[PDB]
Structure formats: structure tokens, C-alpha cells
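So the structure is just underneath, and the comments pick up after that.
Bear in mind these aren't lab numbers, they're just calculated from the coordinates by the rules spelled out. Note that each Cβ is placed from the backbone with ideal geometry, even for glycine, and that neighbours are counted across all protein chains shown.
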Protein chains: 2
Amino acid sequence: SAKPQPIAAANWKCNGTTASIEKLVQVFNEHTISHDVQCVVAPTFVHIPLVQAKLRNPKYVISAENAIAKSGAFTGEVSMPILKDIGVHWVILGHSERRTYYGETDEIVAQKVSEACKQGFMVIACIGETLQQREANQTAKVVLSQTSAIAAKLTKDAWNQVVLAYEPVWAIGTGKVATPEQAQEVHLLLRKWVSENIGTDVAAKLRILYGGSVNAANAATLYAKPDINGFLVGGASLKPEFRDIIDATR
Amino acid sequence: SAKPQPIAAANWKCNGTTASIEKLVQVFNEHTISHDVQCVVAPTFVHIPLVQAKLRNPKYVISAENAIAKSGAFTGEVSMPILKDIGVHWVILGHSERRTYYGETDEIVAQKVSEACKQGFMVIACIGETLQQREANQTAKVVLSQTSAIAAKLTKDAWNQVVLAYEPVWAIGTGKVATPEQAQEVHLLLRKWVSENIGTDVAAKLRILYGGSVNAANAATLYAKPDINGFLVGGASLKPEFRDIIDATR
């Protein structure tokens, strides 16, 4: 289909013990990945140094799970210049849980994205609708709303560092995956949107991943859709089966 | 005066480069501390492992600057069980900046405190009034309000792990320190409160620190007050002068 380079990203959320991490990393290192894909591992902040010291599988990069733009008087947070100094140059922003529990709004997400962009980070920005939305046939405008908000703060060239993760709020950690057909419908409308609004050229390289209850048995079917470039995986990433998720992008 | 063991705590907020940290840590390690005081260093999450590997001065402990109670689906955050596994067992909670920018309320602070308590952490809980408060002769009830909220969620014995940091919102990072007399007035009313409400025995061991624009030239005068047990230092802790702040509790 000519698609872009696939992305397989691991989001450990707020989980991990130094022991269990050293176990999973060893399983990941011994997995010979054979095709062109970029694997990404998002550990918690405290665990980032440990992951850097043991992660050796070459198709992998470390990303932070969130950050703030600037260093300063922000107790408890971690900024972007701090993460560059530390060699981490990917970050996941506007992930659902942050939009819901620690109140990050579009414009706020949109600002974290512009700045990371500005800081030379590769960014995976999360968008998606809730079930109430979905049920009001509101899924589409919502996604377009968020993407537009991000887009207003970016330059035509900042897109080269952007990756979108469409995670329907109702599929995250629920066991309730979107059928490939639901997933696929949203990815094409977005691609279409980016295409009309930024450049055909941009929509074609944009990796747009699906996330929300994705596992080793469904990743394959998911991948086969033409506008699905990969995944953002939560629960299944705390397991060896992650191997088989990465291989599904083959 | 018989007072309790003093506390000198360093809060680096969201600042530090691996280089500048390795420089400051070396300055701290070579400072022979001679009296009984517990020094505490709060680095950002990413920097905690680096601090653990180099910090060697024995009167020092590492604390996190914030955390959540439980591990789980909380993207971007770091929990307490994660910090125990990692050997970090002190934490700063309800610091002003968190109460203001990332919306942590009394009850929320009060819950983070009970749980950390429950997790065997030493906790430094922050309370304090804003200038509007101060000007409405509202400083006192406010402090009592917050302390009471914390106290409702703790057991008579949880106090042994609690430390209070009174940081007038108007003195943090402002250059505008509370005179020793303002500081002292608040510490005695609190001590009084804890005394009447929890036990005379408890108020007597409680370390209650002052923080807000505290430096090496004022720490001394600050310390001399009878109900002032130490400090919670922000800006001055990113400097060598921190040495002279620790020595002021002598």
C-alpha cells in the first residue's frame, strides 16, 4: 500500500518494579525484530534511567509519558529541556487519562505539542472520543476539533515530528477494542483532514496509530487496514506478547 | 530549648542538568556536617537515580517532590509503591505550586498524606496562606483549615512520619521572606493546635519548617525562633550556599 514506517509503542503507564522491568526488557532485547518499524517504550520517569541502561534492542527508542515545556518553579513535574539533556527525545502528550484526571485541555495539549515540536522532540499526540460522544454520532467532529487545535499551533514542517494516536476513550483498558472497521473509519477521515489542511504530502507520511485494548490476537487484523500505522499499547505492553504485537506490523 | 531534630530540605523543583547536578552533589558531599540534622534532597523524578548513585553525604536522604498513592492506569504520574521499590521513602506533598497549577485541593492533599503515611513514608506536607489571605487577617484560619484536613485522615501514630512546611504563598520564590516574628507566630499557633488536638506529646516532636525565600543570610535569624525547626528551600538550594543553610540549624 506504500504506507509509512510503522510504529509499535509501549505505554507502561504508572506500573513497574525494577525487577519486573529488568525481566521485560530482557525479553524485548532477545526479540529479533526483522522488519522496518520503530518500537517505542514509555516508562515512568523514575524508571527511565534503568531502561536506558538495559534496553539494547536497536529498533527501540525511549519516550517520556508526559512533560511540561519549560524548566522553572514547577514542583513535581518534569520538563522537556530536562529530558533532552537526559537523551530522551520522544514524548506522549494529551493521553486520555491526563485529559480526564489531571485536567489537560485542547489548547493546553496543543501548547505542550508546539513546544515539544519546537524542542526537536518526536511527539505522539493522543486524540479520541468518549462513549457519550460516539453515541451522539459526535465521534467525528470531536476528533477533528482536537486535531485542529493542535494544528493551529504547528508549522507545516512540525508535522514531520508529529504522530497521532487515536484512542477511543471507551477502548482504553476496557477489553473493548474498536473493530478494524471502526478504527479504519477514523483514520481515513483524519488523513483526509490533514491532507486537505496541511498538504497531501504530510498526510502521506503521518503515522496514525490505534490504541485501546489492542492485543497480540487483534493487532494483525487491525494492521491490515490501509490507514492504520501501528499502535499505542497499554496493558499488553507489560507482557511478552508485546513481541507478537510488534511483528503484526509486518 | 530542647527542640526536635532539625530538618534542612532542598527542593530543586523542576530544574537541573546532569552536569549541574553532579557539580552540586560533589559540593554537598564534601561538606562535613557536624551536628544532628537531617538533610533532605528533592530532585525531579528523572534525576532521582543519578542522585542516589552520587549522593554520599550521610546526613542526607532523598525525597520525591510529589507522587500518587497507587500504581495503575495513571499516565505520566509516579506512585508511592514505585518509589518504595526504588528506595525513595520521603515525599513532599501539597506544595503550593501543586495546589495552584495542577489543582490539588485540601482533601486531595489530605488523601495523598494518609496513604504515604500508610506506605511508611516520612512526609513533608506544605501549608500556607496567600497575600489576599494575609491581608484579610485570614492567615490563621486558613493554616488551621489545611492542617485540620490532613489531621482528619491520620492516626495519632501517623504523626511520627509527618513534617509540616509553612510556606507563605507570598514568600515563595519572591525574595520576600517572612520576618522571623511572622514565621514564629504561625509555628506556635500550629504547635498549639497539634498540641490540643492530637497530644501534647506529638506537638513536641513535630518538626515544622519555614520555607519561602529563605537564604544563608536569614536562615540563622529564622532558626533562632523557638518553634522554627528548619527549612524547606527552593532557589537557594541550587547553590553552594545551601551549606551555610544547613549549618544555621546548629
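Some observations on this one:
- Neighbour net charge for B:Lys112 - beta-carbon separation under 14 angstrom, K R +1, D E -1: -1
- Which listed pairs, of B:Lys23/B:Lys192; A:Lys205/B:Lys70; B:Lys59/B:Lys156; A:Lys3/A:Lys153; A:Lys70/B:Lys205, have C-alpha distances above 31 Å, in listed order: B:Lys23/B:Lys192; A:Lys205/B:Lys70; A:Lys70/B:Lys205
- Where the Cα pairs of the range B:123-189 fall when distances are cut into 10 Å bins, in %: 19, 52, 24, 5
- Full extension of the chain between A:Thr100 and A:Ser1 yields a length gain of 32.0 nm, computed as 0.36 nm times the residue separation minus the alpha carbon distance.
- Residue order, fewest to most surrounding Cβ atoms within 10 angstrom, among B:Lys225, A:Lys13: B:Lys225, A:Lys13
- Of B:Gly235, B:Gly94, B:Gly72, the one that fluctuates the most in a GNM where chain B has Cα springs shorter than 10 Å: B:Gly72
- Rounded to the nearest 0.05, the FRET efficiency derived from the C-beta distance between A:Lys176 and A:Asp244 at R0 = 30 Å is 0.90.
- Multiplying the residue separation of B:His35 and B:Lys70 by 0.36 nm and removing their Cα-Cα distance gives an extension gain of 8.9 nm.
- Distance from the Cα centroid of the range A:169-194 to that of the range A:114-134 is 15 Å (rounded to whole angstrom).
- Semi-axes of the equivalent ellipsoid for chain B, Cα gyration tensor, largest first, Å: 25, 22, 17
- When B:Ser145, A:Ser1, A:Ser34 are sorted by how many other C-beta atoms sit within 10 angstrom of their C-beta, beginning with the fewest, the order is A:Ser1, A:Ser34, B:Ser145.
- Note on chain A: helix-only mean residue ellipticity at 222 nm, from DSSP H runs of 4+ residues weighted -39500 (n - 2.57) and normalised by residue number, equals -10500 deg cm²/dmol.
- Between B:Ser145 and A:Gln138, the simple label model (points 7 Å from Cα in the Cβ direction) yields a spacing of 3.4 nm.
- The same position B:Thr18 in the other copies lies at 1.8 nm from this copy, comparing label points 7 Å beyond Cα toward the beta-carbon, shortest first.
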